[PDB]
């Protein structure tokens, strides 16, 4: 009865390309720390707002799109355990 | 040719157990008054999901009787408001519309999100075979991290 | 050079300074023969900066073990402790622990490339009729430290606590995603389960933010 | 004989501010000193 999961490969791949592997390590380090509960919204915004800045606005959209994808899957199948191969 | 101490200043202690008033009271009989917060039972008013949207009401909206759990709260606030973001790739098909769903609970959703971020890689992989109670984002801690960098 | 002919001016500052700083400056006095005026000033100021920073960091670590969770309450505790020990201008270590940090402590002293810095040493929702904003305080709002600045104004303008607000945000998000993200205006009104204006305002904020789309 | 070693003029003078960029803390040299100091710190931490 439980519906299938949602493909996530394209949603994350675009994010990696959009940010750029140069500043990507900082973006990943700040986001993971905030999730673990070691930052406040003031520190997170100060550190990430420069990275997600854009005039076409295709960086803040992907950040929201990825977060929405993570939440939507909550009501779908449990995927294969382990780090994704892709 | 002397540089001083370079270990102690770079430590990050966790929130203490006993409030300063109680330890001060550990010299005479000053504990006769217990001021445990009504909503702060067990010293962790936050980090305990309670109530569901069924109990939502205008009167209770002014009181923090309902929560969503720690992990889910952090994930939702991780979003950033710009000036749609909920367009799923294949959801437009009517086949997706017919789909049903189960009814999980907050203690279960947090686990599901924890595993999901594990699959992506934003969280450490499990040991080969969460310190939300430490208040590590407290307003005091942020100042401490600023000075330590300097 | 160094203006050692000003007995009155040089002494007064030495008097004003504290005990620990006085010893440190007295210890580094001889080296002035080799540096110009500015270099000596930079040299001394750096030693003072490091000493004060150590005191502040040690001070803060003591607070966190007492379960003090705000800079305001920390100062209150120190005042009461001074009264208790008695019962039984501000210094450098007191300006760093203030609610507002000094301007010169909001940037790296030496930049990323390792070269020390030359100077080393919004959508406004209308006020809904018959709505009286209530101030949000750290003691009242538990999870205030997570709401974004663009959203905290809405909570005050709408008279709703943070934790209830997050729950409302979740349910609206869940309802939208299930249906491609599009919902009708009445759909948002019923989900909120409050007064019509409140549900209308929060929905208008979300659509402007971009997390949902109006059908 | 001996005095020839100390011939450098800076052994007895105090550099003056008026001369210009006479600071003994030029960035071109401070860059290397900071890097070496950072190196020693890391070695001490590894030993510690």
Item to complete: Identify, from the list A:84, A:72, the residue that is in a loop (DSSP other than H, G, I, E, B) and in contact with a helix residue (DSSP H, G or I) (Cβ under 8 Å, 6 or more places away or on another chain).
Response: A:84
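Looking at residue B:56, is it over 27 Å from residue A:49 (Cβ atoms), facing chain C (nearest Cβ under 10 Å) and within 23 Å of the chain's Cα centre (by Cα)?
For residue B:56, the condition - over 27 Å from residue A:49 (Cβ atoms), facing chain C (nearest Cβ under 10 Å) and within 23 Å of the chain's Cα centre (by Cα) - is met.
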Item to complete: Restricting attention to the range A:43-67, report how many residues are part of a helix (DSSP H, G or I) and more than 7 Å from chain B (Cβ to nearest Cβ).
Response: 10
Practice prompt. Of the numbered conditions (1) more than 7 Å from every other protein chain (Cβ to nearest Cβ); (2) in a loop (DSSP other than H, G, I, E, B); (3) under 24 Å from the mean Cα position of the chain (by Cα), residue B:128 fails exactly one; give the number of that condition.
Written response: (3)
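For the range C:32-41, which residues satisfy the criterion of being crowded, with 17+ Cβ neighbours inside 10 Å, assigned to a helix (DSSP H, G or I) and at the interface with another protein chain (Cβ under 10 Å from one of its Cβ atoms)? Full working, then the answer.
Step one: list which residues in the range C:32-41 are crowded, with 17+ Cβ neighbours inside 10 Å, which gives C:32, C:35-36, C:39-40.
Cutting the leftovers down to assigned to a helix (DSSP H, G or I) gives us C:32, C:39-40.
Scanning the range C:32-41 gives C:32, C:39.
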Item to complete: Mind listing whichever residues of the range A:17-42 are in a helix (DSSP H, G or I) and farther than 20 Å from residue B:118 by Cα?
Response: A:17, A:18, A:19, A:41, A:42
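Per-residue answers, yes or no, for (1) part of a helix (DSSP H, G or I); (2) over 24 Å from the mean Cα position of the chain (by Cα); (3) over 17 Å from residue C:202 (Cβ atoms); (4) facing chain B (nearest Cβ under 9 Å):
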position	(1), (2), (3), (4)
C:54	yes, no, yes, yes
C:76	yes, no, yes, no
C:94	yes, no, yes, no
C:107	no, no, yes, no
C:131	no, yes, no, no
C:138	no, no, yes, yes
C:154	yes, no, no, no
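Identify, please: which residue in the range B:59-82 is out of contact with any helix residue (DSSP H, G or I) (no Cβ under 7 Å at 6 or more places or on another chain) and assigned to a helix (DSSP H, G or I) and is, among those, nearest to the other protein chains (Cβ to nearest Cβ)? Steps first, please.
From the range B:59-82, those out of contact with any helix residue (DSSP H, G or I) (no Cβ under 7 Å at 6 or more places or on another chain) are B:59-60, B:62-63, B:65; that's our starting set.
In the following step, the residues that additionally are assigned to a helix (DSSP H, G or I) were identified as B:59-60.
Values: B:59: 11, B:60: 8 Å.
So the residue we want is B:60.
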Worksheet entry | Enumeration of residues in the range B:83-103 that are within 26 Å of residue A:1 (Cα to Cα) and facing another protein chain (nearest Cβ under 7 Å) | B:86, B:87, B:88, B:89, B:91, B:92, B:99, B:100, B:101, B:102
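Where a number appears in this text, it was derived from the coordinates with a stated rule and is not lab data. Because the Cβ atoms are built from the backbone with ideal geometry, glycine has one as well, and the counts that use them run over all protein chains shown.
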